[PDB]
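Worksheet: one structure, shown below.
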Amino acid sequence: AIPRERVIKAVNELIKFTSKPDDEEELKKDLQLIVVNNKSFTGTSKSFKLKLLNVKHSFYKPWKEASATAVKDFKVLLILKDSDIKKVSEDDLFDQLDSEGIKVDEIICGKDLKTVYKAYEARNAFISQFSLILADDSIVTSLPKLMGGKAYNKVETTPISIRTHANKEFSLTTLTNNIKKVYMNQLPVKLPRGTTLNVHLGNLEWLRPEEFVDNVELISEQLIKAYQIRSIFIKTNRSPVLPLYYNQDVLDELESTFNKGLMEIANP
Amino acid sequence: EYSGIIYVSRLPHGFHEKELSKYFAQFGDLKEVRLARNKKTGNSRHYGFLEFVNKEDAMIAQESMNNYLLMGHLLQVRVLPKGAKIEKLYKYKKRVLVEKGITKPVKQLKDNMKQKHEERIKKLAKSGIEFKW
Amino acid sequence: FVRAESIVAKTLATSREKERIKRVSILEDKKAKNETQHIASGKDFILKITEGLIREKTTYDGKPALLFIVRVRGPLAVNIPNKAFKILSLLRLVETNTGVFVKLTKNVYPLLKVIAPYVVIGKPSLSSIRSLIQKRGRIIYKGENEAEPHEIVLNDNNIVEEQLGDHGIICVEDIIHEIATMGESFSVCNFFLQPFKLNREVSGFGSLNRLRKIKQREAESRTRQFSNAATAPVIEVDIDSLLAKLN
Amino acid sequence: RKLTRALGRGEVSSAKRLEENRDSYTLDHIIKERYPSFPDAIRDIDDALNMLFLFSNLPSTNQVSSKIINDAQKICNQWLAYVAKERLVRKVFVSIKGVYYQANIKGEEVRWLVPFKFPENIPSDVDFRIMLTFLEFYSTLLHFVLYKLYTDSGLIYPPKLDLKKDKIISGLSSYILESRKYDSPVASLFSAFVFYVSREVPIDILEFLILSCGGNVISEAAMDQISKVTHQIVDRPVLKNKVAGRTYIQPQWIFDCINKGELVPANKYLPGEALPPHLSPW
Amino acid sequence: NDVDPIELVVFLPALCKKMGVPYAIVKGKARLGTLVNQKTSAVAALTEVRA
RNA sequence: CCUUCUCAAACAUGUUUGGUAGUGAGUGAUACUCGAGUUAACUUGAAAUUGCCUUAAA
């Protein structure tokens, strides 16, 4: 898969390049993974559903840990069904995620989105302050019309669909368990309609370089089975790229019920 | 002075060419109706132009619809001065994508990507980077 | 005069309806091919709503069923699109306060999904079937010395025998039995019958009748729902109580 | 006027409260003033019966509402069920206009007409407001008279109905008449007889007559929803295989037996034979 | 606009302009009365609104 | 002066598959795949001057 020594040297070289001596001192240290596929990821159809890749090392808790000295702190928004907004109170989440240190800042629903946050200015202002948006999978398919087309231009504002129902009933245990799994293990990735896939690994101050190496190893070994990948790069913002994977063989792939109902309902 | 050309802006989501012509025919005969739209998707730009046969009818339409509050949008209507005719507003459509063919053979594209990888290596060596291969 | 808000609202509602019908058509085409991987669901759901009101979602067994379809007034500010209008014309449901009988099958389900917003669908009981045929039964009958046919009330069993006798249909009760049992010559009986012209539950514009109209509209909004979700279960209501009101 | 004001001001819940908090007029004092004697009321109920049975068979129009039609049908079914249980019919005559029934009610002859189950055409040339006023008065009268008859017979009024039987067949059989030797021979005819009625034979009429001269009825038309049979009533040109132990009859046999009082022999009423003339009992 | 005696409202537009308050003259004290559950109303005002 | 896909099966409360096509204008850097498609983040009142079926009826 990935040479561990080579990727260790790559991460160490990037983290040496980051400190040679506005947003100028902050935007340039975000580590990015570029995946280039031979063919289109989705096909002819756009997708908004983020692909959740599991990693062994926690990611969002370091974000809240390191965001205490930042302008915008890490915030989690949760969107549930309108009929299920009455089954959840803030203490019900507090006593079920106080051990994990997870705090849900604000819970909304479709009615709240369609009434309180209808105007574009209010909608963008409310959305822009949140960093992790988790949605019920039942309601997640109505979200492009409500949250708008601006919210899907960035990864962090793109909603995450999580399973909230057990035995065709609402389950607080299931909802909290899915939230815990997302907060600990999995990361969201934006599947593009081109060939250039971007992964935001995180920030150099969030995690140690060895943990970045392990996470990128697990992501690469998982994506190998996910698709026939072609090229893999690791980079930092405002800096060039470093290749880490290459393969050749996957390049060789480059080159009426309606009328029956009408007949049944018509006379002859 | 004034021409028979009307600039309309802050148009709602559903107001398009057919809607605009249908509404302003009641104020007068229309010589040309155009609506600004995005080139790559069939979405209105929320402004457009109309031309009346009668400049008096253009003035009346403006003084009637200049500050009409419509579906959360306060309409804006102006009469254009002499000259300045309307042009270059084509009715664009929502474009689709299709995969084009490749005339470069497999060996040629492999050689090209090998050369690109070599140039990447040379650029990394240029930029003070000590990385293997 | 025509107001700009009316024009734009009609445009927006018609566009939403076209999007709904397009999504329904694409999904049903994938079902007709039945060899497509990416699909939201590959089966059929019925939502039975009865009476403070209870809704039960079940899976359609696929067995043929007897449905009564009533054409109601559709969504506000909607132009009926071409496919829905074609299906309604074939079902002979071009105007409201009109009911027909339908044989529900697998090829009939997708059309019902397409025409969900304009019709109300139920399962008629034998008493209501007998009441409809005995109370509102009309045929178009052509005489030998009559140059032009005309509509008459289904009053004579002799006409029934002389027009449907080869299939063994002898009288009104035979027609009722064939409609209820969905046997041979079912469509022959259905099209020999004209579509049943019902009457409105609330009529007039006095203060009492306007209050009744307000209550009726509130009840209609509470029961009837358009999901616009391309997979909405076909909604089945208490056609017995509806026919008690409309007949 | 006040409801119009509430709707004009836009106060919908106020209007609903105004509609709830009103009391309608009644005609009980007028009935008791006009009919001081129960025999007088019984003598006058015949036109009421005719009006109710006529109005129950009409379809709903703009002038005539489904609520009024349903109330007429219900009160007619209660009357028919009472006559059927007390076994009080005496004469029956089937004319092209409909069925004339003559019963004996507290020693007085009551004659009335029931139309056939067909969609009769409304002329739109009659004063429907006058007819509806007459119908309201007649409904009050028959409610009072039926209450007295059920109570004097020792039955609960109004009788409760069986909902599933109502949804199977909407007749007098839906209403079960509860409590807390008849006069021979009309009542006692068809004793311990089971009649299987064919689908084309009028089920409401024949069931009413057999129940009135009490015997079991098995309806084929009521078998659509989903041994002991002695007689079977049919009217068809070509009749299928017949069970040997069962007597096949034509519907005129029932009417002629009722009119004569005695048992008219069944050799004259067979499908492969013509019928004798149906004489009027009067 | 149709208040009699008119001095009850004739000072109001100048007062609103002096205090920097948006105002509008509307036709119908009876219409304003329907707004606030009365037969008539000389004036109406919105102070706090929902989000 | 309308009002927005509020979900499915499979295996044993857990696991996997599928389901989401958007207000417009503008600023911009930076890399990737053959005028085509992708790739950090920033502004804004729903902002704007021209890129060839009828009883929801009078």
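What's counted below: heavy atoms across the whole structure, side chains too, no hydrogens, waters or symmetry copies. Here is how names work: the chains are called A, B, and so on, in the same order as the sequence lines, proteins then strands, and each is numbered from 1.
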Quiz item: How would you label the contact of C/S6 with the nucleic acid (heavy atoms, under 4.0 Å): base, sugar-phosphate, or nothing?
Solution: sugar-phosphate
> Distance only, no hydrogens: is a donor on one side chain within 3.5 Å (strictly under) of an acceptor on the other, for A/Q228 and A/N38?
Replying inline: no
Roughly how far apart, to the nearest Å, are F/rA31 and F/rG19 at atom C1'? 33 Å
Taking C-beta and beyond as the side chain, do A/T174 and A/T164 meet within less than 4.5 Å on heavy atoms?
no
The Watson-Crick or G-U wobble partner of F/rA10, with both key distances under 3.5 Å, is F/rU15
Under a 3.5 Å threshold, yes or no: a donor from one side chain and an acceptor from the other, between C/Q216 and C/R200?
no
Can a donor-acceptor pair under 3.5 Å be found between the side-chain atoms of A/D137 and the base atoms of F/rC7?
-> yes
To the nearest angstrom, the CG-P distance between A/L27 and F/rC42 comes to 6 Å
ask   = Looking at the six-ring of each base, are F/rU49 and F/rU50 less than 5.5 angstrom apart at the centres and less than 30 degrees apart in plane?
value = no
Tell me if F/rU15 and its neighbour F/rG14 stack, counting it only when ring centres are under 5.5 Å and the plane angle is under 30°.
yes
>> Run the side chain to side chain contact (heavy atoms under 4.5 Å, CB included) test on A/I79 and A/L146 for me, step by step, so that the C-alpha distance in whole Å, both residues' side-chain angles and the decisive distance to 0.1 Å come before the verdict.
In response: CA-CA 12 Å; A/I79 313 165; A/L146 303 193; over 6 Å; no
* **Donor/acceptor link under 3.5 angstrom from A/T141 side chain onto base of F/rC5** => no
| If we check the six-membered rings of F/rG26 and its strand neighbour F/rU27, are the centres under 5.5 Å apart with planes under 30°? | yes
**Asked** Taking 3.5 Å as the limit for both distances, would F/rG37 and F/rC32 pass as Watson-Crick or G-U wobble partners?
**Response** yes
F/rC42 glycosidic conformation (syn if within 90° of 0, otherwise anti) is anti
Expected label for F/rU27, using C1'-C2'-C3'-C4' where a positive value gives north and a negative one south, is north
Ranking F/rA8, F/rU13, F/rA25 by distance to the side chain of A/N177, first place goes to F/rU13
Give a yes or no on whether a donor-acceptor pair under 3.5 Å exists between the nucleobase atoms of F/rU6, that is its base, and the side chain of A/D82. yes
**Request:** Determine, for A/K28 against A/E24, whether the closest basic-nitrogen to carboxylate-oxygen distance falls under 4.0 angstrom.
**Result:** yes
Among F/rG24, F/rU38, F/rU13, the one nearest any side-chain atom of A/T196 is F/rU38
Counting only Watson-Crick and G-U wobble pairs whose two distances fall below 3.5 Å, is F/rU49 partnered with F/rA29?
no
Polar side chain donor-acceptor pair, C/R23 to C/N228, under 3.5 angstrom:
yes
- Message: Please determine whether any donor N or O and acceptor N or O are separated by less than 3.5 Å between the side chain of B/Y7 and the base of F/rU49.
- Response: yes
Using the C1' atoms only, state how far F/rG45 lies from F/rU39, rounded to an integer number of Å.
-> 32 Å
Rounded to whole Å, NZ of A/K49 lies from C1' of F/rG18 at a distance of 6 Å
**Item:** Base of F/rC53 and ring of C/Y118 stacked, centres under 5.5 Å, planes under 30°
**Value:** no
Quiz item: Are the ring of A/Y120 and the base ring of F/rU23 both nearer than 5.5 Å at their centres and tilted by less than 30°?
Solution: yes
note: B/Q76, atom CD; F/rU50, atom P; distance rounded to Å ~ 17 Å
Regarding the side chain of C/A230, the nearest nucleotide among F/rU20, F/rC32, F/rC5 is F/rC5
### Query
Quick one: the side chain of C/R23 and the base of F/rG19, do they pair up donor-acceptor inside 3.5 Å?
no
Per the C1'-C2'-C3'-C4' dihedral, where positive means north and negative south, the sugar of F/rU23 is north
Against the side chain of B/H73, the closest entry in F/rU13, F/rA47, F/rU50 is F/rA47
Expected label for F/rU55 (glycosidic angle, syn inside 90° of 0, else anti) would be syn
TODO: Anything under 30° is parallel, anything over 60° is perpendicular, the rest tilted; go ahead and classify B/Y7 against B/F49.
DONE: tilted
Reading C1'-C2'-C3'-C4' for F/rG45 with positive as north and negative as south, the pucker comes back south
What interatomic distance, in whole Å, is found between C1' of F/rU33 and the corresponding atom of F/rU38?
8 Å
Would you say C/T36's side chain and C/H38's backbone share a donor-acceptor pair under 3.5 angstrom? no
Pairwise P distance for F/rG26 and F/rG51, with rounding to whole Å = 11 Å
- Query: What about C/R20, does its side chain sit under 3.5 Å from the base of F/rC5 through a donor-acceptor pair?
  - Reply: no
TODO: Would you classify B/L69 as touching base, sugar-phosphate or nothing, given that sugar-phosphate means primed atoms plus P, OP1 and OP2, and contacts are heavy atoms under 4.0 Å?
DONE: base
Practice item. Pick the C1' atom in F/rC53 and in F/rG35, then give their distance to the nearest Å. Key: 49 Å
- Going by modelled atom types, is there a donor-acceptor pair between the base of F/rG22 and the side chain of A/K46 at under 3.5 Å? yes
Is there a donor-acceptor contact under 3.5 Å linking the side chains of C/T59 and C/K43? no
Checking F/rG19, F/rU4, F/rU23 against the side chain of A/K145 (C-beta onward), the nearest is F/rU4
Task: Distance between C1' atoms of F/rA25 and F/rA47 (Å, rounded) - done: 8 Å
Practice prompt. Mark this stacking check for A/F233 against F/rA31 as yes or no, applying ring centres under 5.5 Å and ring planes under 30°.
Written response: no
Among F/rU33, F/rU49, F/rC2, the one nearest any side-chain atom of A/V36 is F/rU33
task = Report which part of the nucleic acid A/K181 touches: base, sugar-phosphate, or nothing (heavy-atom distance under 4.0 Å, all strands).
result = sugar-phosphate
- Is F/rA41 base-paired to F/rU27, counting Watson-Crick or G-U wobble with both distances below 3.5 Å? yes
Closest of F/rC53, F/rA31, F/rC5 to the C/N228 side chain is F/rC5
Checking only heavy atoms, does the side chain of A/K114 share a donor-acceptor pair with the base of F/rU6 at less than 3.5 Å?
yes
Can you check the distance between F/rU6 and F/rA21, where both ends of the measurement are the P atom (answer in whole Å)? 11 Å
Original post:
Base, sugar-phosphate, or nothing for C/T231, non-hydrogen atoms under 4.0 angstrom?
Top reply: nothing
chi for F/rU54 classified (syn = within 90 degrees of 0, anti otherwise) as anti
Check your understanding: Is the backbone N or O of B/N38 less than 3.5 Å from a side-chain atom of B/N43, with the two atoms forming a donor-acceptor pair by type?
Key -> no
Of the listed F/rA31, F/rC42, F/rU33, the closest approach to the A/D23 side chain comes from F/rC42
*asked:* Please tell me whether F/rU39 and F/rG18 form a Watson-Crick or G-U wobble pair, using a cut-off of 3.5 Å on both distances.
replied: no
Taking F/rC32, F/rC2, F/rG51 as options, the one with an atom nearest any side-chain atom of B/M71 is F/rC2
Glycosidic torsion of F/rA21 (syn if within 90° of 0, anti otherwise) classifies it as anti
On the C1'-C2'-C3'-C4' criterion (positive north, negative south), the furanose of F/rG22 is south
Between NZ of A/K180 and P of F/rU15 the distance, given in whole Å, is 12 Å
Taking F/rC53, F/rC1, F/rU6 as options, the one with an atom nearest any side-chain atom of A/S138 is F/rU6
A/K168 near the nucleic acid: base, sugar-phosphate alone, or nothing, with a heavy-atom cut-off under 4.0 Å? sugar-phosphate
F/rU15: by the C1'-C2'-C3'-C4' sign convention (positive north, negative south), the sugar is north
